[PDB]
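The block underneath contains the structure these notes are about, expressed in structure tokens.
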2 protein chains.
Amino acid sequence: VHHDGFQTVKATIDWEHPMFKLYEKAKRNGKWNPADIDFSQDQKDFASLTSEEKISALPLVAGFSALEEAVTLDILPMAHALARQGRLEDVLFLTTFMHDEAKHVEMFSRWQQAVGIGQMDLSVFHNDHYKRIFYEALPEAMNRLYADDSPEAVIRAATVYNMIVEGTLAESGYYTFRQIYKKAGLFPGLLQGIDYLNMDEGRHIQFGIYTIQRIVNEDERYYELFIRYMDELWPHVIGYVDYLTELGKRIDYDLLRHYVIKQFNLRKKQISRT
Amino acid sequence: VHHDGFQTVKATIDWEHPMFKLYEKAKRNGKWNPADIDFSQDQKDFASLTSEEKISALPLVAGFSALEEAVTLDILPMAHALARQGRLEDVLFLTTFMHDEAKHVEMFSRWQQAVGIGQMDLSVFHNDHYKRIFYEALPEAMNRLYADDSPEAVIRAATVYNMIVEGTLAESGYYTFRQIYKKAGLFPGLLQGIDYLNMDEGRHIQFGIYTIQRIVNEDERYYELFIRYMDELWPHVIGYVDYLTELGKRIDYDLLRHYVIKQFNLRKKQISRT
Ligand SMILES: CCCCCCCC(=O)O
Ligand SMILES: CCCCCCCC(=O)O
Ligand SMILES: [Mn+2]
Ligand SMILES: [Mn+2]
Ligand SMILES: [Mn+2]
Ligand SMILES: [Mn+2]
Ligand SMILES: [Mn+2]
Ligand SMILES: [Mn+2]
């Protein structure tokens with residue numbers, strides 16, 4: 001549908017908007033290029049591993065490559081919804097969000113290619129709980145926004161995408177991969193990529209918090225919705241963790257399991273009822 | 001709707017895809033930041049101008065700020081449509097396209113702010129022909145893609161967006177602004193911005209050509225559609241030029257008018273019937 005006019009013709013960008021400021025920070029801090037990462041030592045590391053050691057790394061990598069590909073595709077309805085609401089500064093920021101996710105997809109796929117597993121179908125490490133989140137609930141919640149951009153719908157989309165997928169699973173995923181391979185001295189190229197990815201994702205979670213809080217600020221009752229949507233997805237979060245834990249047991253899992261519980265609970269505390 | 005699986009889990013990025021290669025080029029060549037441009041001399045230049053000289057610059061700036069804001073918003077349906085078709089490499093490239101347009105919007109709005117016209121409503125310099133293109137036909141053609149991603153619909157969207165708006169009007173707009181203010185020695189910050197913008201837009205037009213040509217390659221009859229959609233918009237293109245020409249006459253317009261005719265015709269020649 002038509003444009004009624006243009007904000008930068010009638011006026012200017014809102015230079016003090018929090019998402020304009022986040023956009024500026026993203027440009028300053030968003031220069032890394034996965035194409036520059038040296039994966040040559042990762043290739044040698046992976047080839048020196050035994051077959052059973054090789055397999056141990058793949059379930060987490062399978063979870064991250066799908067996560068990054070999903071969030072690359074599934075942010076587009078949020079950008080559309082906020083554009084249609086006239087939230088220009090949010091849209092400017094989300095162009096950096098979307099491009100970050102493209103680099104994240106690229107990074108993991110370059111690593112798979114370099115270590116010699118690009119031809120392997122890693123889908124076998126997505127259990128039913130993983131699929132419920134990433135194949136189903138995430139795209140459902142985001143695509144809803146094309147026909148329903150109500151505050152309820154936007155809160156639910158930002159909860160599933162930013163607070164659960166990125167703020168709980170991905171955050172715990174980063175941590176876990178460091179807790180394991182930085183200690184072993186393995187995969188320095190991948191760990192550099194993860195460092196850059198984690199820096200990007202700091203910004204992404206701030207957008208999710210801003211979005212949820214500004215809706216909660218209009219009506220305290222949306223706080224209860226936020227908490228409910230978090231709790232709805234917990235069984236699938238922990239059910240995926242239980243599956244990864246069981247795979248690997250076939251590393252302090254009690255410490256990684258608690259990191260996931262910990263992240264879930266601190267995401268809740270970043271939203272204020274008042 | 002659901003994800004059936006993920007390309008970078010089942011396999012990898014298609015590293016040889018033309019839009020992956022364009023994506024890589026965009027990252028290498030996409031580092032400029034409008035926030036780094038020094039507009040202090042532009043401010044002094046604009047303030048030294050007489051009121052009548054000041055007004056002469058504003059119709060073109062009004063046309064560009066709306067153009068960049070429109071194309072920032074209106075690329076999102078194309079990204080969605082190609083994502084839904086599984087064209088991952090196109091999507092990766094389009095994250096750089098979208099972010100480029102954000103910077104372009106930002107650049108012109110920073111210039112307006114710096115020279116002291118951000119508070120002026122420049123909408124008065126959008127005539128009926130401008131509105132038909134930018135307020136109406138462009139968003140109509142792109143939004144269509146949410147419900148109709150047929151080859152006809154994709155060709156029409158890429159024709160209006162990439163070949164007319166960017167490849168005919170914007171390209172002629174850049175040229176004109178150089179033909180005028182680089183010669184006068186004025187607005188060095190704005191002209192630096194325009195240089196960077198023109199470099200970005202080289203990539204953007206390659207995406208439009210790739211998209212139209214791959215559809216034409218499936219069925220030669222789509223070539224006739226492409227030419228028809230170009231000719232449909234010509235009256236509004238030239239009608240806007242006639243309006244700008246008349247404003248300014250109230251600089252070789254015969255040379256700028258022919259540049260627009262020239263660009264329109266070479267865009268047609270970048271698409272091959274065969
Ligand atoms: C100990 C397992 C906890 C890490 C969560 C992994 C998330 C992911 O793989 O995307
Ligand atoms: C001589 C006028 C031709 C330049 C076209 C301007 C396009 C624009 O302002 O967006
Ligand atoms: Mn990511
Ligand atoms: Mn993210
Ligand atoms: Mn279960
Ligand atoms: Mn542009
Ligand atoms: Mn462009
Ligand atoms: Mn007319």
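The chains referred to below are lettered A, B, ... by the order of the sequence lines, with proteins before strands, and numbering in each begins at 1. As the structure lists them, so they are numbered: ligands from 1, and atoms in each ligand from 1.
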Using a 4.0 Å cutoff against the non-hydrogen atoms of B:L60, which atoms of ligand 2 qualify? 6 (C), 9 (O)

Per-atom filter on ligand 2: closer than 4.0 angstrom to a heavy atom of B:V260 are 3 (C)

Report yes or no: does [X] contribute a side-chain atom to a donor-acceptor pair with the main-chain N or O of [Y] at less than 3.5 Å?
X      : Y      : answer
A:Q7   : A:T12  : yes
A:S109 : A:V105 : no
B:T8   : A:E69  : no
B:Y130 : B:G63  : yes

Could you tell me whether the side chains of A:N198 and A:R178 share a donor-acceptor contact shorter than 3.5 Å? yes

In terms of side-chain heavy atoms, does B:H204 have a donor or acceptor partner in B:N162 at a distance below 3.5 Å? no

Assess whether atom NZ of A:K262 is packed by more than 12 heavy atoms of other residues, nucleotides or ligands within 6.0 Å. no

Would A:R132 and A:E140 pass as an ion pair if we require N to O under 4.0 Å? yes

Could you find the nearest protein heavy atom to [atom] and give me its residue, atom name and distance?
atom                   : answer
atom 4 (C) of ligand 2 : B:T176 OG1, 3.5 Å
atom 1 (C) of ligand 2 : B:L256 CB, 3.2 Å
atom 6 (C) of ligand 2 : B:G173 CA, 3.7 Å
atom 7 (C) of ligand 2 : B:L169 O, 3.2 Å

Provide the protein N, O or S atoms situated under 2.8 Å from the Mn ion (ligand 4); waters are not included. A:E101 OE2, A:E166 OE1, A:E166 OE2, A:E201 OE1, A:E201 OE2, A:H204 ND1

At under 4.0 Å between heavy atoms, is it the side chain or the backbone of A:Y240 that contacts ligand 1, or both, or neither? side chain

Just jot down the side-chain contact (heavy atoms from CB on, under 4.5 Å) partners of A:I238, sequence neighbours excluded, or say none. A:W234, A:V241, A:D242, A:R257

